[PDB]
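To find a chain, count down the sequence lines: A is the first, B the second, and so on, and within it residues start at 1.
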Amino acid sequence: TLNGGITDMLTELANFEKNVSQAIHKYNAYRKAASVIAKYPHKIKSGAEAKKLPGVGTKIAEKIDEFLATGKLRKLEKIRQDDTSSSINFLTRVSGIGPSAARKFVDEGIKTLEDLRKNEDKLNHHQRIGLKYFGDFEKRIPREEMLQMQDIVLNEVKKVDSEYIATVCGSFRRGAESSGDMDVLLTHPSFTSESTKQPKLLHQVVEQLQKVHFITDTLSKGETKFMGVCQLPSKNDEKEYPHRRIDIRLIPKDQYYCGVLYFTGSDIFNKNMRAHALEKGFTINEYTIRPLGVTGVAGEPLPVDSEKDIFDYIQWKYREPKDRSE
DNA sequence: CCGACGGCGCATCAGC
DNA sequence: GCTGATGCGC
DNA sequence: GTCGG
Ligand SMILES: Nc1ccn([C@H]2CC[C@@H](COP(=O)(O)OP(=O)(O)OP(=O)(O)O)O2)c(=O)n1
Ligand SMILES: [Mg+2]
Ligand code: NA
Ligand code: NA
Ligand code: NA
Ligand code: NA
Ligand code: NA
């Protein structure tokens, strides 16, 4: 990409701040800067030029000037040489192992893949599955496979009850040619913001997907959110497809628009949009958009009849999903 | 200068 | 068991 | 780390 060296540097700094420093606002600041730089249509010549962008300040501009002049950043070169930072950064690549658990494992002498592989009994369920599919989870999913996965999910959901509607969201809905995982929004007329008329709505769908061997493992599961693993079936003599992460979120049917806005993302787009809503006097979650003034107490849910209605409330021109990849 | 940083689901734990 | 905090996740 | 109040 046009300013790939710069965005890569900022992303690595963001990851260091989240995983090692345990400084979430620096992690978010670096990612916000990387995002705005990624969409800038010019090859950046200086930190001063980048500083004109919202989210890029004095310190990142200084880093951009060093990176452009030398092709490196001394701060990262030192971080890369730090054993504790390297160990923590590695451990956090396992799903379920965050900054806290990574540092605790390092303290206990568990810091390599081999260490993890002989210490499964020291991992929780999620971490154990994250270790089992360490390599598969770092592989991307081509859109062709995402289409095959979409077919299986939509068809199996239909077999359970023709009234369910499953919508693939995330990067897929934004039109990405490759995705990190599969995000599925699910609705059923029996579950609305007013009542839940049938129990096990998410459970029956998870069960059916497990029955046809599509869903292979479970990381966490509740009444409205499933987080697990799935795998496309392979043909005779064919090498198996990698196991993939899949998230399914059952949202009240009458709140589909706020739900699909949320699940489509991106994550940075949502943070940016929700922050703009706050400045405009509103608060947005996956269920509703409500006013929120100076008193600091949220009001009643406003009528939403399209994703566009949410953008209108906050005085933003509508952006198609493909234009939300921040 | 300095307060705030999007919003919430599930797993795991400690206090009562 | 219930509740609220924390960790990790979307 | 960056921003607006
Ligand atoms: N911090 C987060 C993470 C996720 N999401 C929402 C928007 C994206 C959606 C699914 O999350 P991911 O699967 O992580 O995002 P993605 O855009 O689908 O990217 P990827 O292709 O890597 O799956 O959930 C969010 O609002 N806040
Ligand atoms: Mg995704
Ligand atoms: Na700026
Ligand atoms: Na992790
Ligand atoms: Na083994
Ligand atoms: Na082993
Ligand atoms: Na996901």
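- Among the protein residues, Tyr30(A) comes within range of the sugar-phosphate backbone only, with heavy atoms under 4.0 Å from sugar or phosphate atoms but none that close to a base.
- Distances shown here put a side-chain N or O of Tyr287(A) below 4.0 Å from the OP1 or OP2 atom of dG9(B).
- Going from atom CD of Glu286(A) over to atom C1' of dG9(C) covers 13 Å, rounded to whole Å.
- Going from atom CZ of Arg249(A) over to atom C1' of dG7(B) covers 10 Å, rounded to whole Å.
- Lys271(A) comes within contact range of at least one nucleobase, with a heavy-atom separation under 4.0 Å.
- Distance from the side chain of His126(A) is smallest to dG9(C) among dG9(C), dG6(B), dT12(B).
- Nearest-nucleotide positions on DNA chain B for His25(A) and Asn124(A) put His25(A) closer to the 5' end.
- By the neighbour-count criterion of 12 heavy atoms within 6.0 Å, atom CD of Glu108(A) is densely surrounded, having more than that number from other residues, nucleotides or ligands.
- Within the 4.0 angstrom heavy-atom criterion, only backbone atoms of the sugar-phosphate kind lie near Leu53(A); the bases stay farther away.
- Taking both residues in full, the closest heavy atoms of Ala38(A) and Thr7(A) are given as N-CG2, 3.9 Å, listed atom of the first, atom of the second, then distance.
- The residue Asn272(A) sits apart from the nucleic acid: no heavy atom pair falls under 4.0 Å.
- Heavy atoms from other residues, nucleotides or ligands lying under 6.0 Å from CG of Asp107(A) number more than 12.
- Side chain of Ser220(A), nearest nucleotide from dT2(D), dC10(B), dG9(C): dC10(B).
- Of the candidate nucleotides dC8(C), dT2(D), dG6(B), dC8(C) has the atom nearest to the side chain of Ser100(A).
- Sugar conformation at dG15(B) is south: the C1'-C2'-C3'-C4' dihedral has a negative sign, consistent with the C2'-endo side.
- Among the atoms of the strands shown, none is found under 4.0 Å from any heavy atom of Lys32(A).
- Taking atom CG of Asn28(A) as the reference point, atom P of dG1(D) lies 13 Å away to the nearest angstrom.
- Spacing between atom CZ of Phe263(A) and atom P of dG9(C) amounts to 15 Å, rounded to whole angstrom units.
- Taking atom CD of residue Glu62(A) and atom P of nucleotide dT2(D), one finds them 9 Å apart after rounding to whole Å.
- Across all strands shown, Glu223(A) has heavy atoms under 4.0 Å from sugar-phosphate atoms exclusively, and none from any base.
- A 6.0 Å sphere centred on NZ of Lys221(A) holds more than 12 heavy atoms belonging to other residues, nucleotides or ligands.
- Residue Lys26(A) places no side-chain atom within donor-acceptor reach of the base of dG1(D), judged by atom type and a 3.5 Å distance cut-off alone.
- As judged by a 4.0 angstrom heavy-atom cut-off over every strand, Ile24(A) is placed among residues making no nucleic acid contact.
- One can place CD1 of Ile37(A) at 13 Å from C1' of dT2(D), the figure rounded to the nearest angstrom.
- Atom CE of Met9(A) is separated from atom P of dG1(D) by 12 Å (rounded to the nearest Å).
- Here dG7(B) presents its P atom at 17 Å from CD1 of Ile268(A), a figure rounded to the nearest Å.
- Distances shown here put a side-chain N or O of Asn285(A) below 4.0 Å from the OP1 or OP2 atom of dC8(B).
- The side chain of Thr283(A) contributes an N or O atom lying less than 4.0 Å from OP1 or OP2 of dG7(B).
- Side chain of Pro99(A), nearest nucleotide from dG9(C), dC8(C), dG1(D): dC8(C).
- Under the salt bridge (charged side-chain N to carboxylate O under 4.0 Å, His left out) rule, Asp217(A) has a single partner from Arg245(A), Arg244(A), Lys132(A), which is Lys132(A).
- When the P atom is compared between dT2(D) and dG6(B), the two are found 16 Å apart, to the nearest whole Å.
- When distances are taken from the side chain of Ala29(A) to each of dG7(B), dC10(B), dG1(D), the shortest belongs to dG1(D).
- Summarising the geometry, atom NZ belonging to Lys104(A) is positioned 7.5 Å from atom NZ belonging to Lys122(A); distances are rounded to the nearest 0.5 Å.
- Here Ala33(A) lies out of heavy-atom contact (under 4.0 Å) with every strand.
- Within the 3.5 Å criterion, the main-chain N or O of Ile246(A) finds no donor-acceptor partner in the side chain of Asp181(A).
- Distances shorter than 4.0 Å separate none of the side-chain N or O atoms of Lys225(A) from OP1 or OP2 on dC10(B).
- Of the candidates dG7(B), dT2(D), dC10(B), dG7(B) carries the atom nearest the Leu278(A) side chain, counting heavy atoms from C-beta on.
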